[PDB]
Amino acid sequence: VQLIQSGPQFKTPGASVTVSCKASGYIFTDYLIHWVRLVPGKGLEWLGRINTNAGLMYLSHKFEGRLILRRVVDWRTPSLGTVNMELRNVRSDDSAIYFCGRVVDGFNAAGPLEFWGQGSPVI
Amino acid sequence: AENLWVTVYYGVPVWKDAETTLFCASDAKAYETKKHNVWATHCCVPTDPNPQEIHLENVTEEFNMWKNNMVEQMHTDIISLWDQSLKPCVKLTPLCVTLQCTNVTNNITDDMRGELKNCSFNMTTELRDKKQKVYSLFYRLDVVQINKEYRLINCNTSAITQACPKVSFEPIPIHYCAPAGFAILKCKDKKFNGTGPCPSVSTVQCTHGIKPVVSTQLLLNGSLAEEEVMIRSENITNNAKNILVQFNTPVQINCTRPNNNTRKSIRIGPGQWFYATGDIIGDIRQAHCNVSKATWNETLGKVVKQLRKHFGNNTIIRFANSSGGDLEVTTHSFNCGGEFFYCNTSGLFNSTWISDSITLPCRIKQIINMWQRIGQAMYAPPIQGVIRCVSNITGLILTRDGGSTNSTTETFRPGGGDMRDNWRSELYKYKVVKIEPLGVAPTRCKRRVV
Amino acid sequence: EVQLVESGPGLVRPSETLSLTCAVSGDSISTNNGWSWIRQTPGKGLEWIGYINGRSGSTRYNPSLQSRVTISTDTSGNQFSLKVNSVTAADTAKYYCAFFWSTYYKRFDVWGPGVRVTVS
Amino acid sequence: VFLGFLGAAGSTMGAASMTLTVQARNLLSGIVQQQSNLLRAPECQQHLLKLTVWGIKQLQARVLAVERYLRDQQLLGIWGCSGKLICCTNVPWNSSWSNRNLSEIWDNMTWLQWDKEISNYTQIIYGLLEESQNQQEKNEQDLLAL
Amino acid sequence: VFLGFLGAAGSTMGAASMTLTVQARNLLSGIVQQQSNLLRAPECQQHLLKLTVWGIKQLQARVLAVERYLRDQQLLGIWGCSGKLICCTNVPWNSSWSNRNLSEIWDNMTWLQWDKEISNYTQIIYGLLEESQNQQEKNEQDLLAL
Amino acid sequence: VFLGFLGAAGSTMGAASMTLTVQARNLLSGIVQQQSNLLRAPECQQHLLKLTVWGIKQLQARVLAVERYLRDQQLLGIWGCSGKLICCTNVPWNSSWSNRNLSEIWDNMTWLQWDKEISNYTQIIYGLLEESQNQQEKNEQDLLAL
Ligand SMILES: *[C@@H]1O[C@H](CO)[C@@H](O[C@@H]2O[C@H](CO)[C@@H](O[C@@H]3O[C@H](CO[C@H]4O[C@H](CO[C@H]5O[C@H](CO)[C@@H](O)[C@H](O)[C@@H]5O)[C@@H](O)[C@H](O[C@H]5O[C@H](CO)[C@@H](O)[C@H](O)[C@@H]5O)[C@@H]4O)[C@@H](O)[C@H](O[C@H]4O[C@H](CO)[C@@H](O)[C@H](O)[C@@H]4O[C@H]4O[C@H](CO)[C@@H](O)[C@H](O)[C@@H]4O)[C@@H]3O)[C@H](O)[C@H]2NC(C)=O)[C@H](O)[C@H]1NC(C)=O
Ligand SMILES: *[C@@H]1O[C@H](CO)[C@@H](O[C@@H]2O[C@H](CO)[C@@H](O[C@@H]3O[C@H](CO[C@H]4O[C@H](CO)[C@@H](O)[C@H](O)[C@@H]4O)[C@@H](O)[C@H](O[C@H]4O[C@H](CO)[C@@H](O)[C@H](O)[C@@H]4O[C@H]4O[C@H](CO)[C@@H](O)[C@H](O)[C@@H]4O)[C@@H]3O)[C@H](O)[C@H]2NC(C)=O)[C@H](O)[C@H]1NC(C)=O
Ligand SMILES: *[C@@H]1O[C@H](CO)[C@@H](O[C@@H]2O[C@H](CO)[C@@H](O[C@@H]3O[C@H](CO)[C@@H](O)[C@H](O)[C@@H]3O)[C@H](O)[C@H]2NC(C)=O)[C@H](O)[C@H]1NC(C)=O
Ligand SMILES: *[C@@H]1O[C@H](CO)[C@@H](O[C@@H]2O[C@H](CO)[C@@H](O)[C@H](O)[C@H]2NC(C)=O)[C@H](O)[C@H]1NC(C)=O
Ligand SMILES: *[C@@H]1O[C@H](CO)[C@@H](O[C@@H]2O[C@H](CO)[C@@H](O)[C@H](O)[C@H]2NC(C)=O)[C@H](O)[C@H]1NC(C)=O
Ligand SMILES: *[C@@H]1O[C@H](CO)[C@@H](O[C@@H]2O[C@H](CO)[C@@H](O)[C@H](O)[C@H]2NC(C)=O)[C@H](O)[C@H]1NC(C)=O
Ligand SMILES: *[C@@H]1O[C@H](CO)[C@@H](O[C@@H]2O[C@H](CO)[C@@H](O)[C@H](O)[C@H]2NC(C)=O)[C@H](O)[C@H]1NC(C)=O
Ligand SMILES: *[C@@H]1O[C@H](CO)[C@@H](O[C@@H]2O[C@H](CO)[C@@H](O)[C@H](O)[C@H]2NC(C)=O)[C@H](O)[C@H]1NC(C)=O
Ligand SMILES: *[C@@H]1O[C@H](CO)[C@@H](O[C@@H]2O[C@H](CO)[C@@H](O)[C@H](O)[C@H]2NC(C)=O)[C@H](O)[C@H]1NC(C)=O
Ligand SMILES: *[C@@H]1O[C@H](CO)[C@@H](O[C@@H]2O[C@H](CO)[C@@H](O)[C@H](O)[C@H]2NC(C)=O)[C@H](O)[C@H]1NC(C)=O
Ligand SMILES: *[C@@H]1O[C@H](CO)[C@@H](O[C@@H]2O[C@H](CO)[C@@H](O)[C@H](O)[C@H]2NC(C)=O)[C@H](O)[C@H]1NC(C)=O
Ligand SMILES: *[C@@H]1O[C@H](CO)[C@@H](O[C@@H]2O[C@H](CO)[C@@H](O)[C@H](O)[C@H]2NC(C)=O)[C@H](O)[C@H]1NC(C)=O
Ligand SMILES: *[C@@H]1O[C@H](CO)[C@@H](O[C@@H]2O[C@H](CO)[C@@H](O)[C@H](O)[C@H]2NC(C)=O)[C@H](O)[C@H]1NC(C)=O
Ligand SMILES: *[C@@H]1O[C@H](CO)[C@@H](O[C@@H]2O[C@H](CO)[C@@H](O)[C@H](O)[C@H]2NC(C)=O)[C@H](O)[C@H]1NC(C)=O
Ligand SMILES: *[C@@H]1O[C@H](CO)[C@@H](O[C@@H]2O[C@H](CO)[C@@H](O)[C@H](O)[C@H]2NC(C)=O)[C@H](O)[C@H]1NC(C)=O
Ligand SMILES: *[C@@H]1O[C@H](CO)[C@@H](O)[C@H](O)[C@H]1NC(C)=O
Ligand SMILES: *[C@@H]1O[C@H](CO)[C@@H](O)[C@H](O)[C@H]1NC(C)=O
Ligand SMILES: *[C@@H]1O[C@H](CO)[C@@H](O)[C@H](O)[C@H]1NC(C)=O
Ligand SMILES: *[C@@H]1O[C@H](CO)[C@@H](O)[C@H](O)[C@H]1NC(C)=O
Ligand SMILES: *[C@@H]1O[C@H](CO)[C@@H](O)[C@H](O)[C@H]1NC(C)=O
Ligand SMILES: *[C@@H]1O[C@H](CO)[C@@H](O)[C@H](O)[C@H]1NC(C)=O
Ligand SMILES: *[C@@H]1O[C@H](CO)[C@@H](O)[C@H](O)[C@H]1NC(C)=O
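Protein chains in written order, with the numbering used here: chain B, 12 to 134; chain E, 9 to 458; chain L, 149 to 268; chain H, 227 to 372; chain F, 227 to 372; chain X, 227 to 372.
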């Protein structure tokens with residue numbers, strides 16, 4: 012099981028930032044994917060999660076008008092797929108390390124994360 | 009210990025689970041005169057002559073609709089037929105040129121503002137030293153603004169082909185039939201949940217007629233449950249799997265595309281034609297679908313009553329609309345009278361259960377990626393006149409969000425998922441087995457040597 | 149399961165025909181092939197007389213009586229019978245009614261108590 | 227044809243042995259093998275030529291039904307049963323393969339249950355049946371017989 | 227091979243019954259089935275691969291000849307005639323199917339004429355032949371025989 | 227299967243006659259004919275459909291194995307040997323075809339050597355075997371027999 016994230020990004024305030032997490036080695040569908048933001052001066056904050064089979068988004072109620080999650084699958088190759096994130100209206104308040112992770116098997120209705128990526132970071 | 013000898017029997021009624029290739033067949037009646045129907049050409053073998061069904065007394069067999077290779081085969085063959093019928097069409101490579109576009113403002117309602125673009129461009133001609141200035145209307149969802157300059161969306165990744173104007177992708181019913189040496193077993197129990205030891209089994213020559221209708225969220229024109237609404241899933245407590253809900257009564261939905269629409273053809277080359285959308289006759293308004301309100305209440309009451317059997321009879325069940333970053337994961341996609349619709353179902357999945365009509369606004373597209381490919385794209389020619397479809401909603405694809413709060417509630421939303429879930433809703437009753445006629449057993453006879 | 153009951157004269161004179169019958173209870177004799185007669189003669193032991201196939205009426209007789217014995221059925225009475233012509237003192241014996249089932253799957257016999265017949 | 231194709235499947239071995247022609251008749255005759263033998267052209271055929279992939283899938287299905295049929299016939303021939311739906315052999319039952327009496331299996335078991343009981347002795351039994359026939363031919367090539 | 231393939235077609239049923247191997251030998255061996263079995267490569271083969279439509283038409287013809295042959299052999303096997311060109315059965319003639327004496331049909335009719343006289347009784351007769359064989363096997367599984 | 231496929235090839239005709247099932251079992255069962263009969267899909271199959279030339283070559287190989295098998299079986303049937311690996315006939319040996327005694331050929335020659343000695347009399351012998359069977363059937367249709 013491996014989660015591979017894209018590199019660091021810098022953006023002009025008000026611009027959107029898009030980051031991504033490529034997942035492999037387990038069936039991509041099943042096992043919800045969660046996003047968590049780390050702010051060195053505040054701690055961890057949950058942003059939302061995506062249902063990789065259905066293509067459904069669930070968000071933390073701070074970001075409904077700002078954060079969009081998407082997924083890409085190919086029924087051909089069940090062991091591979093990606094999750095993308097788009098965050099709009101980026102401000103200095105959003106300087107953080109953005110992490111990708113996967114829920115512990117048996118906990119799709121919850122969100123402990125067993126596997127983690129690297130952290131973007133953004134600005 | 010008796011003094012017995014081996015006796016060999018041939019023609020013994022024994023079988024093993026097996027994977028194979030089914031050959032497909034159709035009812036050569038009204039469908040025989042369709043001529044250009046894709047399904048009527050492929051599933052050519054005539055069937056359903058008052059077909060046989062044989063009850064097997066005392067046979068109990070294990071079924072598993074989630075591991076049923078018949079669905080995977082149906083999926084693969086549908087894709088192959090679509091590629092084969094598009095392969096010999098025009099290939100509209102010459103259209104990915106800069107387009108000069110303005111808004112259509114000619115008697116448009118408020119809900120259509122910015123929906124249509126009037127685009128002119130320099131197209132190739134049949135004689136290769138000339139160019140022509142032509143124009144066509146496009147839907148907003150088919151173009152990309154670049155740098156009034158636009159391009160078609162599918163320029164970065166693929167050529168766009170054009171469906172051939174005479175090919176009809178109408179989902180007439182087809183039947184799957186076993187090859188010699190194989191048999192299809194059918195599970196007849198009413199209230200069968202898709203898995204396990206089905207006690208009432210019969211053999212068939214072929215499956216019932218199945219219409220290969222392709223849609224998301226709401227399953228259209230399938231079979232109905234025999235007695236009660238059925239809820240089936242691979243694992244009901246795992247909010248990652250989809251829930252397939254089969255209604256025991258249809259909900260009628262009336263879909264239309266208003267706007268009289270005209271069509272014109274343009275030569276792009278020597279016998280190579282492109283179909284353009286011409287000016288709309290009459291006014292311009294949105295496509296939409298009508299669902300009876302009382303009916304889409306009574307049938308949710310039935311779905312909820314059945315969901316409570318798995319989630320608790322003191323649990324609050326609420327429905328909510330789809331949420332995601334795409335069109336293909338939030339709308340009800342279907343093909344109607346040849347055109348592709350993407351309808352908004354948030355007007356249906358909006359209620360809480362604690363123990364006139366609904367109008368669904370709808371958008372349409374002409375450039376379809378189809379299935380899940382990145383390259384490969386199709387342009388659907390416009391259809392003249394107006395379009396009206398009357399369809400039966402026979403089932404739902406639902407997902408749960410996960411748990412919620414200590415108030416004990418569950419939230420269900422229209423789901424997405426692979427196209428295979430549409431076929432699993434019809435083929436759940438069938439299994440394919442290989443017949444193995446030899447066997448041996450003890451008897452009192454001995455070969456008499458002479 | 150059947151019961152076999154024999155009946156007939158316990159005495160026959162030289163050159164007379166001996167006639168013995170057997171009633172069958174519990175099953176049919178119009179079927180169930182293998183209805184037969186067996187003879188037990190003191191000083192000789194057991195031998196077959198022959199048998200009849202209830203379904204077709206065909207018979208087979210031990211060669212020693214090929215020209216002397218007739219076996220036939222009364223399917224209405226559900227009884228069958230044995231007739232042996234030109235009976236002599238040498239034919240004094242204990243006669244039995246028997247049912248022999250012998251197929252690929254089962255083997256069993258049913259025997260009646262028999263009739264002892266004296267021949268002068 | 228196909229009027230009770232697996233009708234005896236839930237019945238006992240004894241009763242099911244009386245329907246053997248029912249299953250035998252359906253091994254070489256699927257729908258496509260009937261359409262292929264019409265006096266009139268089937269008409270469909272052009273489809274399977276224009277699109278050669280479908281033509282190949284159909285032939286593979288037809289060839290396989292024939293190969294499976296012939297392999298079963300070859301085994302019956304090797305074991306000394308040319309024709310016949312039921313044939314007796316000289317191989318004794320081991321009472322290890324299955325240890326039940328005749329009155330238990332012919333009357334209480336179905337063929338499916340039997341098949342699931344002795345499936346891992348199938349190759350041993352087939353091997354013995356072949357050896358038995360070879361021994362019989364060796365004895366036939368002796369004019370003093372037995 | 228093929229030296230008088232339908233030579234008896236205009237002859238009487240009696241005389242024609244003496245040429246049965248002549249037609250039997252030509253059911254599995256057309257020209258292409260001889261070329262396909264040369265020790266040398268046939269050479270032509272590349273044509274049928276370069277152009278797959280012709281390759282498919284040839285295979286369909288070959289597969290069909292085999293399927294038709296095997297179906298006739300299966301019926302003879304089911305009816306209790308494994309091998310033999312002429313076999314006797316236990317099914318009586320109905321005298322409804324055709325009502326002629328032996329001296330009329332064997333000496334005056336050709337097989338083509340006969341075929342056109344009883345063609346709509348073919349399935350009845352075949353059904354009876356199968357029932358007869360099943361009854362015979364039921365009688366064989368009785369060690370007291372007849 | 228294939229555990230001594232041509233093992234008797236260098237042995238004498240007499241000894242080699244005892245291994246006849248060994249070669250018979252390998253005429254209808256190559257590797258591809260085993261893969262084609264798996265309960266699971268073979269997986270490979272998509273390759274042979276995507277590229278139809280390979281699909282055709284495989285079918286031609288499978289069809290040919292079947293046709294060759296059936297032709298040999300048809301000849302045995304015509305000659306009056308339905309089944310059996312060894313059968314006696316009524317055709318006398320000519321002593322022109324080969325002029326050796328039994329003690330020389332069964333003990334000193336291999337089958338390959340024998341085949342290279344009488345190969346140009348093969349068709350004569352086959353023709354006689356067919357005539358013999360036809361004569362036998364003519365005699366069978368006489369209720370006074372011999
Ligand atoms: C169908 O799908 C469902 C999923 O929907 C599958 O169910 C899942 O099955 C897996 C096992 O394969 C379970 O994993 C194990 O979970 C226990 C913890 O369980 C306790 O806490 C749960 C907490 O849940 C909270 O959150 C939910 C969601 O919002 C709330 O609803 C809850 O109320 C809680 O707030 C709780 O849910 C559990 O109760 C449920 O399950 C029990 C049965 O287990 C029922 O009786 C209850 O009624 C109720 O339904 C429960 O209270 C962990 O402790 C396990 O970890 C150990 O075992 C691991 C094995 O690999 C090991 O790796 C770990 O390290 C750990 O090992 C420890 O124990 C070993 C014992 O042998 C020791 O040897 C070792 O040294 C060490 O000490 C494990 O993670 C999932 O919980 C379960 N999910 C759900 C939702 O139920 C189901 O299997 C599928 N069915 C089929 C046929 O496929
Ligand atoms: C769930 O199930 C329902 C029920 O089956 C299904 O609804 C039906 O969909 C089909 C396909 O869209 C509809 O069929 C079309 O109907 C129109 C309207 O015709 C009416 O009037 C004529 C008399 O003039 C009546 O005979 C007829 O019954 C109707 O009352 C026809 O115009 C359509 O024909 C054209 O398109 C066909 C495409 O297959 C061509 O084959 C045909 O030749 C016609 O094309 C030609 O003429 C066109 C017009 O000039 C021209 O543009 C073309 O280029 C070409 O030259 C067609 O018959 C049917 O009516 C619907 N039934 C109901 C009750 O509404 C749902 O679609 C299905 N749901 C889903 C999701 O699959
Ligand atoms: C999309 O844009 C095209 C232009 O690229 C529109 O077509 C143009 O419509 C005007 C009228 O609004 C035509 O001008 C008039 O022509 C008549 C003769 O037919 C003349 O008498 C008038 O005085 C005037 O000049 C113009 O010729 C025509 N151009 C072309 C190429 O057809 C089209 O209507 C627009 N469609 C939509 C839905 O907006
Ligand atoms: C079709 O091509 C012509 C040129 O052959 C385009 O007209 C020129 O456009 C440039 C700007 O790109 C101007 O600087 C020239 O002055 C224009 N020339 C003339 C004669 O008008 C024309 O715009 C193209 N049409 C479309 C619909 O793209
Ligand atoms: C379909 O119904 C069967 C029962 O008829 C379910 O199988 C049983 O599930 C219970 C747990 O609820 C187990 O304790 C039993 O051992 C299971 N029985 C058998 C025979 O497997 C089955 O899970 C249901 N399927 C679905 C998808 O809900
Ligand atoms: C869906 O229902 C609406 C009504 O809510 C239908 O619209 C009406 O159509 C009639 C006939 O043309 C007009 O007289 C009314 O004024 C319209 N009402 C409104 C509110 O617009 C609509 O036609 C139905 N759609 C379908 C596909 O049947
Ligand atoms: C879908 O369209 C049908 C017409 O095809 C509507 O059914 C008609 O309803 C009126 C009452 O408003 C009746 O008088 C007619 O007799 C009905 N016609 C038929 C053929 O049944 C139906 O109500 C529409 N559905 C929705 C949700 O609007
Ligand atoms: C699902 O339903 C919600 C309403 O419950 C929709 O939320 C609205 O979204 C639009 C933008 O698309 C905003 O302008 C509105 O202000 C939102 N409404 C509220 C009350 O906040 C949501 O868009 C729907 N989702 C989909 C895919 O249709
Ligand atoms: C799907 O349909 C719903 C219902 O019509 C849309 O939600 C409304 O959007 C309008 C703006 O056009 C707002 O003024 C309303 O307040 C919204 N309704 C509610 C309950 O919040 C929704 O925007 C549509 N989805 C998409 C993607 O367009
Ligand atoms: C979902 O249902 C709610 C009601 O439960 C709808 O909101 C109401 O809309 C009417 C107008 O039609 C207003 O008069 C009420 O005051 C609203 N109530 C509340 C609590 O907001 C809502 O529009 C529906 N959503 C969609 C997409 O149709
Ligand atoms: C779309 O517009 C055309 C053109 O006006 C309509 O076709 C005409 O219909 C009338 C009857 O109302 C006929 O007398 C004319 O001969 C037709 N003209 C042509 C060119 O066909 C058509 O009916 C309209 N379609 C819709 C759905 O409104
Ligand atoms: C929607 O469902 C109804 C109910 O099954 C369909 O109407 C029946 O169709 C069958 C033939 O399949 C007839 O034998 C019944 O008599 C019909 N019932 C009634 C009340 O008319 C209806 O055709 C379906 N609609 C669509 C578009 O498929
Ligand atoms: C299915 O099982 C039942 C129960 O064992 C079988 O019923 C027997 O039927 C025969 C023929 O009518 C009777 O003589 C027996 O007495 C019945 N058995 C019992 C226990 O009553 C039934 O035949 C089986 N189905 C099949 C196809 O064999
Ligand atoms: C074609 O018909 C003629 C006339 O019926 C047949 O001629 C018979 O030939 C045999 C053999 O030479 C003679 O014994 C008969 O006497 C001839 N019949 C008559 C009426 O003279 C001829 O044999 C038939 N052709 C074939 C192939 O059978
Ligand atoms: C190959 O040739 C040798 C020599 O002829 C064969 O050897 C004979 O083997 C048998 C069995 O062991 C002995 O009884 C003979 O006495 C041996 N012959 C001699 C001359 O010593 C050998 O069997 C042949 N190989 C095969 C497979 O048959
Ligand atoms: C456009 O709207 C005007 C009224 O503002 C009307 O007179 C005219 O006929 C309409 N045009 C069309 C095509 O409907
Ligand atoms: C055309 O569409 C743009 C949005 O892309 C909008 O800003 C502009 O006002 C529209 N013009 C007209 C005439 O509707
Ligand atoms: C690819 O698409 C993007 C928009 O998503 C566009 O900006 C870019 O120019 C396109 N690439 C090329 C080569 O045109
Ligand atoms: C739908 O059912 C609920 C049940 O609680 C009821 O409150 C609601 O009024 C019903 N809606 C309609 C339109 O009848
Ligand atoms: C052999 O078959 C028996 C059937 O009762 C089964 O229990 C046993 O596990 C099988 N052996 C192996 C190695 O699978
Ligand atoms: C049955 O065959 C006879 C042959 O003489 C023919 O006259 C009759 O018309 C046929 N019956 C039918 C229904 O075709
Ligand atoms: C016939 O076979 C013998 C084998 O000994 C060979 O010598 C002879 O040349 C062959 N005849 C012809 C014409 O090839």
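Just so it is clear, CB atoms sit at the ideal spot from N, CA and C, and this is done for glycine as well.
Contact check between the region 208-222 of chain E and the region 183-195 of chain E: three or more CB pairs, one atom from each, fall below 8 angstroms, which counts as touching. Residue pairing from DSSP places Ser31 (chain B) in a beta bridge opposite B:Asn95. Using a Cβ-Cβ cut-off of 8 angstroms, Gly240 (chain H) counts as an interface residue toward chain L, since at least one Cβ of chain L sits closer than that to its own. Taking CB atoms only, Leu229 (chain X) has no neighbour in chain E less than 8 angstroms away. With a threshold of 7 angstroms, the Cβ atom of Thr203 (chain E) counts as near ligand 5, since some heavy atom of the ligand is closer than that.
The C-beta of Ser262 (chain X) comes closer than 8 angstroms to at least one C-beta of chain H. Residues of chain F whose Cβ lies closer than 7 angstroms to the Cβ of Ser167 (chain L) do not exist, since the nearest Cβ in that chain is about 24 angstroms away. Exposure of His273 (chain F) is indicated by the presence of fewer than 16 other C-beta atoms within 10 angstroms of its C-beta. Segment contact: the region 249-268 of chain L against the region 223-233 of chain L, fewer than three CB-CB distances shorter than 8 angstroms; contact not assigned.
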